[PDB]
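A.B. asks: Structure provided below as structure tokens; questions to follow.
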Amino acid sequence: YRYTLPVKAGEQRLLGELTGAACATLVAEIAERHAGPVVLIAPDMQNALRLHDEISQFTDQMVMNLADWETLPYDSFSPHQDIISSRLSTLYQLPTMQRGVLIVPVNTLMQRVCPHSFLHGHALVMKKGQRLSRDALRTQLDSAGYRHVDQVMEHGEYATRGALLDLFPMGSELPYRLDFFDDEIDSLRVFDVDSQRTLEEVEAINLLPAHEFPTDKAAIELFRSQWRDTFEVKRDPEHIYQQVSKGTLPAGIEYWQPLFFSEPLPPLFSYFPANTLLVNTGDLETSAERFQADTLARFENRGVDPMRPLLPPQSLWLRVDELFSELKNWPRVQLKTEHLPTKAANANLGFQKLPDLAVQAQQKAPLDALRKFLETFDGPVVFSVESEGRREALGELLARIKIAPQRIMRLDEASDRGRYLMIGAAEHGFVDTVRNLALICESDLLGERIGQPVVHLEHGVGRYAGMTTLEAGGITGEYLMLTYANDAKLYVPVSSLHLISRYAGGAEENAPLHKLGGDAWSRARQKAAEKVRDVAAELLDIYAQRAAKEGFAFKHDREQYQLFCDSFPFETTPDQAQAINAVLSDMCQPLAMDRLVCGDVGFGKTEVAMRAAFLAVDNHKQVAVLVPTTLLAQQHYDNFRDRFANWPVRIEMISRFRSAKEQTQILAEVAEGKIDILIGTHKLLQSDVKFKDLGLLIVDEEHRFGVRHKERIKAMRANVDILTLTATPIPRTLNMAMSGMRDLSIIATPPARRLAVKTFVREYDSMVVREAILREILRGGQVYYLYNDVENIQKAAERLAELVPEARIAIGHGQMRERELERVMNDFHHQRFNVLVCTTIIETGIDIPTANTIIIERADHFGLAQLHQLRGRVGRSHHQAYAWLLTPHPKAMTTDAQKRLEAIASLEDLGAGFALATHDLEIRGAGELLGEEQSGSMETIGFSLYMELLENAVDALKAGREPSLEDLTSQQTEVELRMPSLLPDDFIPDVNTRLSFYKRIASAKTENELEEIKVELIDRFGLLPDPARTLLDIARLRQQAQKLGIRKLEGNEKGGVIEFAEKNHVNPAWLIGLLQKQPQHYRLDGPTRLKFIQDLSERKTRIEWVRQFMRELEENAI
DNA sequence: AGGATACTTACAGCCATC
DNA sequence: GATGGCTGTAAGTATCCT
């Protein structure tokens, strides 16, 4: 209490001296101190996006928010089905709600409603409890706007089997199976279609109006009449209005739906109950005014297309004048974080500033800063948790100060200096005086940041069996089961794992066996040494000769760079920042240019090198590429001169239009040298390609041709250098030379449009293809289709256009006029033809934004570079993405098809191992003699050892002690404590999950590694009990002791022994000190080892001793 | 052991420019 | 009025090819 709120309309009980989520959860409380529901401003999306969970921490009640359109005013990108399902779900609960809250930003409120006319266009939620017809239902669905298919994935379609028919609901993300029985229906079930399983049995079904707008024949004809009432157009058939007057659907057409009726729909102030109330933040007025400014900017500057009516934004949407004038109807919460003038409306709530929270790892007790503050104030610390692992970590590092809060879920009651905790997710916090405490965590302190063969060093080559629980010699054992010689049964220490690798070879015989230790399996080391001789000598001459290659000085003037680079409208993934900064450091480095990269022809992963175009200015030198086509060539050209426009930018190219007149211009530019760039052609290279001042070059995909052109560009480097890559290189044998010949910047952004990618394969059929079409054509999507470009491609087109009598498939014929294909590319820019396809080497180069799908037609007549090139030319941003394939029957198709099918199964994502996917395929493409002698060996013995001999060869090349140490006879420190302790099967049955955990574990060596894996496993899989925590403390003592190099431990409460490091940082002062202090718990075995004795009853006692004494030893014994 | 088949310069016709 | 020129067929070639 002691604080009030407005109770009439236009009553601004304004608020000052405020805070972040503090005042947010405050107004949550005032939601408790309020009649019904309320709403608020959002200055932007991300703010409330965080803030949802921020208050959800400290609030019993509920709140959600709409989804923003995510398009832009007079853009062309179109919104999603899912956001709009969220929006309806958010709005039509208004007339249903009594308490709880919703939210919205300053922007989507100005957008005018597609109102309850939709809702009032019922139906709505229903059940099976009726003598109910489904023909009638589907009639109400075309009233709603769903349709028929054989299989459906999104809203707007459905499919029957027999007579039972199924669909996708909107308000629920689930798919549903619908359970028809002759009006004697009994059940109704949730279903997932990548599951192909019926899942969760429901009471009811939200049969809301099932589109963005329900649009039937008359609705359509009056949209048509409506445009005709506004303005008039031509009879040209690929006008968007004319097109949809043909009963059709492009993407951004939604943008005219708000002009469906004269009666406008100002914001949703119209809808709420009288009690509901408003909120300020930042500047609604200025945000809105600049919103207007940019919308109308976009209007006039983009008000240029003839086939696209740009429209009166005041007619479309609304303005601040009438917006504040309506919301006069209700009062608000006027909030800003500051002390203010004196007015009875004002609050000036008693919040103050947190202190500075610098804690530098360099120091001794930089931690204490808080602690020294603690005694000086009554403030409890019931503060944020972000996770269960965060609870664990933060508690243990609160034992670094000898405090341990008892997590209190409630908010303000806690004691003066009450030490408790709860969940949080914010960053910035403050101080209070009305409640004399703070709201902080480490954020403000420091912020953040299977049917398997297998190969194994010590004992050979084997295969999967699982894992052998057991009672070890007085303690538990849980070991791995490996299968080799004579049913070699191997129970294996899981702690081993790091010393084992995958099958790492080809399926023929590359895990033959091992029998008796000292044998060929250890001459694995011999051949590691011979690789370390020959190919390391190759590397030696390489980085002797390829390394130096000096260059020039390249002073930055960053200001003009990022003047020119602010325009990048993919607000970057910072890994891209790693990429640019490393490569420009190589640039600014006056030495050899080299950096190897792999990504996608997928946009984003294609253009960042063009930032070096800026670097190709100040030097005032030349660059180029061989775009193997002309199509991508002018694509590049266009986006360059757009991005790179208003300053001395001058390029022409080479095309397939290369007349003698073109060629004269080529002379003109290349012998001018002023001109910036050239862009290649199939017949570019051995032409005497002319340069005066050549900075550098980039290029990709020499695949089916020889490296003829690679050595020939080796001829094209007169006192100058290169900087190239490929998106889909070969086996990295040459690129692993580049791990030694050319460093790598293979960052290529996984994130920033990680979107749905639906890629499958099915048999030859008209109707299934047609189904794919009827998925993509609904906004003018796209697939692509193939042919030999030899036989009757036109009749392919004929059949296709025939099966789709309604659409416009174009002439996708390769080897016709560059003129004609250029027109075709214009239609790709425009899509006069809503559809077109593309086939072979001289056709297929790049992925398009507006496209969404592709299909394959002869993966029975296919090939190697076919796969590995089609993999690059697929992409889409911020919508669903798709693909399918065609097959004849695998009865007909051969091994090769099945190799590619194994590939297909191995297509899931660009996750951690897309490259590993390509690699196992290239084991399926087993014919490498790249590492010629090395190939058979590393296959037989494992590319594990390839990496091993790589590192040893490299480090000992620079150290010159090359042939063999390997730590192969010994590379691991050892430990035991007599702990019945291991991974529990409580959480998971799958053992390959456990293998994964052992992967991250035995691989891990660092505090961040282990704590991060801890947080992962605990939050995903709850507070898993003690023993694996003991395994992790074992991992940490391994971290310390093997950074030190200790040899062995065996432990127990009977005592134990240690083979201490014979080679560490010793200084025996502590040894004679503990002699004088303790002979029992320190009885040194000779000068040699160290037997010890403890009555440490509980394993907690054991580890506590172990921890404190490793710390003691860190201070002393080293 | 090539070999079906995918990139390229030259030969040469028919009619376009002056 | 005469070339020539600009496309098309095809030989040499050198990439698709399992």
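Within each chain, counting starts at residue 1; across the structure tokens, chains are named A, B, ... in the order shown, with ligands numbered 1 upward in that order.
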For the interface of chain B with chain A (cut-off 10 Å, counting only C-alpha atoms (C1' of nucleotides)), please tabulate each contacting residue of chain B alongside its nearest pair of atoms and their separation in Å to one decimal, rows sorted by chain and increasing number, as CSV.

C.D. replies:
```
residue,atom,partner,partner_atom,distance
B:6,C1',A:841,CA,9.4
B:7,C1',A:682,CA,8.1
B:8,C1',A:683,CA,8.1
```

A.B. asks: Could you list, as a PyMOL selection string, every residue within 12 Å of segment 4-14 of chain C, counting only C-alpha atoms (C1' of nucleotides) and ignoring same-chain residues fewer than 4 positions away?

C.D. replies: (chain A and resi 659-660+704-706+708+817) or (chain B and resi 3+5-17)

A.B. asks: Just to be explicit: take each residue in the selection above, keep N, CA and C atoms (P, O5', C5', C4', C3', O3' and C1' of nucleotides), and write the result as a compact mmCIF listing (two decimals), in the first residue's frame.

C.D. replies:
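What ended up in again-v2.txt:
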```txt
# COMPACT_ATOMS: atom_id res chain seq x y z
N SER A 659 29.91 -10.05 -76.78
CA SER A 659 30.20 -9.74 -78.16
C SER A 659 31.62 -9.21 -78.28
N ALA A 660 32.07 -9.10 -79.53
CA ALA A 660 33.26 -8.32 -79.81
C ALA A 660 33.14 -6.91 -79.27
N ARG A 704 33.67 -30.33 -60.93
CA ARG A 704 33.80 -31.41 -61.91
C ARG A 704 34.99 -31.23 -62.85
N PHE A 705 35.54 -30.02 -62.95
CA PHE A 705 36.69 -29.77 -63.81
C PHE A 705 37.95 -30.06 -63.01
N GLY A 706 39.07 -30.15 -63.72
CA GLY A 706 40.36 -30.28 -63.07
C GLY A 706 40.72 -29.10 -62.19
N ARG A 708 43.36 -27.83 -62.97
CA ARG A 708 43.88 -27.06 -64.09
C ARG A 708 43.75 -25.57 -63.85
N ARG A 817 19.15 -18.65 -75.40
CA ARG A 817 19.82 -17.36 -75.38
C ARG A 817 19.95 -16.82 -73.97
P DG B 3 36.28 -47.40 -75.59
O5' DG B 3 34.85 -47.76 -74.94
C5' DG B 3 34.59 -47.55 -73.54
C4' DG B 3 33.49 -46.52 -73.29
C3' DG B 3 33.19 -45.53 -74.42
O3' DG B 3 31.81 -45.13 -74.36
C1' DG B 3 33.79 -44.31 -72.59
P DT B 5 25.16 -41.08 -73.69
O5' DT B 5 25.91 -39.75 -73.21
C5' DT B 5 26.19 -39.57 -71.83
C4' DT B 5 27.10 -38.37 -71.62
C3' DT B 5 26.68 -37.09 -72.33
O3' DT B 5 26.96 -35.93 -71.52
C1' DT B 5 28.85 -37.56 -72.90
P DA B 6 25.84 -35.21 -70.62
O5' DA B 6 26.33 -33.67 -70.55
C5' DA B 6 26.84 -33.08 -69.33
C4' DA B 6 28.23 -32.46 -69.54
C3' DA B 6 28.25 -31.00 -70.04
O3' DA B 6 29.32 -30.20 -69.39
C1' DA B 6 29.46 -32.31 -71.53
P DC B 7 29.34 -28.58 -69.45
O5' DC B 7 30.67 -28.18 -70.26
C5' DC B 7 31.46 -27.02 -69.82
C4' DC B 7 32.53 -26.61 -70.85
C3' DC B 7 32.24 -25.33 -71.65
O3' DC B 7 33.28 -24.32 -71.41
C1' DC B 7 32.97 -27.11 -73.07
P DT B 8 33.32 -22.87 -72.14
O5' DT B 8 34.01 -23.28 -73.51
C5' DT B 8 35.23 -23.96 -73.49
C4' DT B 8 35.80 -24.12 -74.88
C3' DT B 8 35.59 -22.91 -75.80
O3' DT B 8 36.80 -22.55 -76.43
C1' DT B 8 34.89 -24.86 -76.86
P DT B 9 36.88 -21.23 -77.34
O5' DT B 9 37.37 -21.76 -78.74
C5' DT B 9 38.73 -21.79 -79.01
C4' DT B 9 38.96 -22.24 -80.43
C3' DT B 9 38.95 -21.12 -81.47
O3' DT B 9 39.96 -21.36 -82.45
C1' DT B 9 37.11 -22.64 -81.84
P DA B 10 40.10 -20.42 -83.74
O5' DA B 10 39.37 -21.28 -84.87
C5' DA B 10 39.55 -22.69 -84.88
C4' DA B 10 38.84 -23.34 -86.05
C3' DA B 10 38.66 -22.46 -87.27
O3' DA B 10 38.80 -23.22 -88.46
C1' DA B 10 36.54 -23.10 -86.46
P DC B 11 38.65 -22.53 -89.90
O5' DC B 11 37.22 -23.03 -90.38
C5' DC B 11 36.86 -24.38 -90.17
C4' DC B 11 35.80 -24.83 -91.14
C3' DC B 11 35.73 -24.05 -92.43
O3' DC B 11 35.30 -24.90 -93.48
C1' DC B 11 33.84 -23.55 -91.03
P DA B 12 35.10 -24.33 -94.97
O5' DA B 12 33.58 -23.83 -94.95
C5' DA B 12 32.58 -24.66 -94.37
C4' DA B 12 31.25 -23.94 -94.31
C3' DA B 12 31.05 -22.89 -95.40
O3' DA B 12 29.71 -22.87 -95.83
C1' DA B 12 30.78 -21.90 -93.33
P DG B 13 29.34 -22.25 -97.26
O5' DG B 13 27.80 -21.88 -97.11
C5' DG B 13 26.88 -22.84 -96.63
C4' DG B 13 25.72 -22.18 -95.92
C3' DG B 13 25.01 -21.12 -96.74
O3' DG B 13 23.64 -21.07 -96.38
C1' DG B 13 26.07 -20.08 -94.90
P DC B 14 22.51 -20.66 -97.45
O5' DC B 14 21.86 -19.32 -96.84
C5' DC B 14 21.66 -19.19 -95.44
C4' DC B 14 21.22 -17.78 -95.06
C3' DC B 14 20.49 -16.99 -96.13
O3' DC B 14 19.69 -16.02 -95.50
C1' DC B 14 22.55 -15.97 -95.76
P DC B 15 18.60 -15.17 -96.30
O5' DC B 15 18.03 -14.12 -95.22
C5' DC B 15 18.72 -13.85 -93.96
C4' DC B 15 19.69 -12.70 -94.09
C3' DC B 15 19.20 -11.51 -94.94
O3' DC B 15 19.27 -10.31 -94.20
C1' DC B 15 21.39 -12.02 -95.41
P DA B 16 18.00 -9.78 -93.38
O5' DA B 16 18.57 -8.55 -92.55
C5' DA B 16 19.38 -8.78 -91.41
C4' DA B 16 20.61 -7.88 -91.40
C3' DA B 16 20.36 -6.43 -91.86
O3' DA B 16 20.89 -5.51 -90.90
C1' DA B 16 22.17 -7.39 -93.09
P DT B 17 20.72 -3.92 -91.09
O5' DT B 17 22.14 -3.44 -91.62
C5' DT B 17 23.31 -3.80 -90.90
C4' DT B 17 24.46 -2.86 -91.21
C3' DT B 17 24.04 -1.42 -91.46
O3' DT B 17 24.99 -0.51 -90.91
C1' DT B 17 24.98 -2.37 -93.45
```

A.B. asks: What gap, in Å, lies between atom CA of residue 150 of chain A and atom CA of residue 196 of chain A?

C.D. replies: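 Taking atom CA of residue 150 of chain A as the start and atom CA of residue 196 of chain A as the end point, the length is 14.3 Å.
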
A.B. asks: Residues of segment 130-294 of chain A classed as alpha helix (DSSP H) by DSSP on the backbone are to be reported as a ChimeraX atom specification.

C.D. replies: /A:134-144,217-230,240-245,284-294

A.B. asks: What are the residues of chain C that have an atom within 9 Å of an atom of chain A, counting only C-alpha atoms (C1' of nucleotides), as a PyMOL selection string?

C.D. replies: chain C and resi 14-18

A.B. asks: Quick one: everything within 8 Å of segment 1049-1056 of chain A, counting only C-alpha atoms (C1' of nucleotides), minus sequence neighbours fewer than 6 positions away in the same chain. Send it as a ChimeraX atom specification.

C.D. replies: /A:974-979,1091-1097,1102

A.B. asks: So that I can check the surroundings of residue 960 of chain A, please list as a CSV table (one decimal) with N, CA and C atoms, in the first residue's frame every protein, DNA and RNA residue that reaches within 12 Å of it, counting only C-alpha atoms (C1' of nucleotides) and ignoring chain neighbours fewer than 6 positions away.

C.D. replies:
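File result19.csv, as written:
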```
chain,number,residue,atom,x,y,z
A,532,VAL,N,53.9,-38.3,-40.3
A,532,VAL,CA,54.6,-37.2,-39.6
A,532,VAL,C,56.0,-36.9,-40.3
A,533,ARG,N,56.5,-37.9,-41.0
A,533,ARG,CA,57.7,-37.6,-41.8
A,533,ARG,C,57.3,-37.0,-43.1
A,536,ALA,N,54.3,-34.2,-43.2
A,536,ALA,CA,54.7,-33.0,-42.4
A,536,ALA,C,55.9,-32.3,-43.1
A,537,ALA,N,56.7,-33.0,-43.8
A,537,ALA,CA,57.7,-32.4,-44.6
A,537,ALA,C,57.1,-31.6,-45.7
A,540,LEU,N,56.0,-28.6,-44.2
A,540,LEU,CA,57.1,-27.8,-43.8
A,540,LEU,C,57.5,-26.9,-45.0
A,952,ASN,N,50.8,-33.4,-33.6
A,952,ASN,CA,52.2,-33.8,-33.2
A,952,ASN,C,53.1,-33.3,-34.3
A,953,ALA,N,52.8,-33.6,-35.6
A,953,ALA,CA,53.6,-33.2,-36.7
A,953,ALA,C,53.8,-31.7,-36.7
A,954,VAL,N,52.8,-31.0,-36.4
A,954,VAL,CA,52.8,-29.5,-36.6
A,954,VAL,C,53.6,-28.9,-35.4
```

A.B. asks: Pick out the closest residue to residue 36 of chain A from this set: A:1069, A:102, A:897, A:333. Count only C-alpha atoms.

C.D. replies: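 For residue 36 of chain A, the nearest of the candidates is A:102.
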
A.B. asks: Step one, run DSSP on the backbone; step two, keep only residues of segment 642-712 of chain A assigned to strand (DSSP E or B); then write them as a count of residues only.

C.D. replies: 5

A.B. asks: Residues at most 8 Å from segment 483-499 of chain A, counting only C-alpha atoms (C1' of nucleotides), excluding those fewer than 6 positions away in the same chain, as number ranges by chain?

C.D. replies: A: 456-457, 461-465, 467-468, 513-515, 998-999, 1002-1003

A.B. asks: Pick out the residues sitting within 7 Å of residue 15 of chain A, and hand them over as a ChimeraX atom specification; count only C-alpha atoms (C1' of nucleotides), and ignore anything fewer than 2 positions along from it in its own chain.

C.D. replies: /A:13,333-336,346-348

A.B. asks: Would you pick out the contacts of residue 18 of chain B at 12 Å or less, using only C-alpha atoms (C1' of nucleotides), so that residues sharing its chain but fewer than 4 positions from it are not included, and give the list as an mmCIF file with N, CA and C atoms (P, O5', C5', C4', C3', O3' and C1' of nucleotides), in the first residue's frame?

C.D. replies:
```
data_model
loop_
_atom_site.group_PDB
_atom_site.id
_atom_site.type_symbol
_atom_site.label_atom_id
_atom_site.label_comp_id
_atom_site.auth_asym_id
_atom_site.auth_seq_id
_atom_site.Cartn_x
_atom_site.Cartn_y
_atom_site.Cartn_z
ATOM 1 P P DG C 1 25.164 -3.041 -106.601
ATOM 2 O "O5'" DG C 1 26.625 -3.652 -106.347
ATOM 3 C "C5'" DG C 1 27.778 -2.862 -106.611
ATOM 4 C "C4'" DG C 1 28.996 -3.384 -105.863
ATOM 5 C "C3'" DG C 1 29.336 -4.849 -106.112
ATOM 6 O "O3'" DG C 1 30.735 -5.002 -106.336
ATOM 7 C "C1'" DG C 1 28.601 -4.497 -103.817
ATOM 8 P P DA C 2 31.341 -6.439 -106.727
ATOM 9 O "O5'" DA C 2 31.732 -7.076 -105.315
ATOM 10 C "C5'" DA C 2 32.718 -6.445 -104.530
ATOM 11 C "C4'" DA C 2 32.481 -6.661 -103.044
ATOM 12 C "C3'" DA C 2 32.488 -8.106 -102.573
ATOM 13 O "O3'" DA C 2 33.814 -8.572 -102.313
ATOM 14 C "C1'" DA C 2 30.915 -6.713 -101.380
ATOM 15 P P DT C 3 34.050 -9.939 -101.492
ATOM 16 O "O5'" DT C 3 34.028 -9.486 -99.949
ATOM 17 C "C5'" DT C 3 34.811 -8.370 -99.533
ATOM 18 C "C4'" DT C 3 34.301 -7.751 -98.234
ATOM 19 C "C3'" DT C 3 34.657 -8.512 -96.965
ATOM 20 O "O3'" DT C 3 35.101 -7.593 -95.976
ATOM 21 C "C1'" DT C 3 32.302 -8.247 -97.086
#
```

A.B. asks: One number please: atom CA of residue 655 of chain A to atom CA of residue 681 of chain A, in Å, one decimal.

C.D. replies: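 Those two atoms sit 6.1 Å apart.
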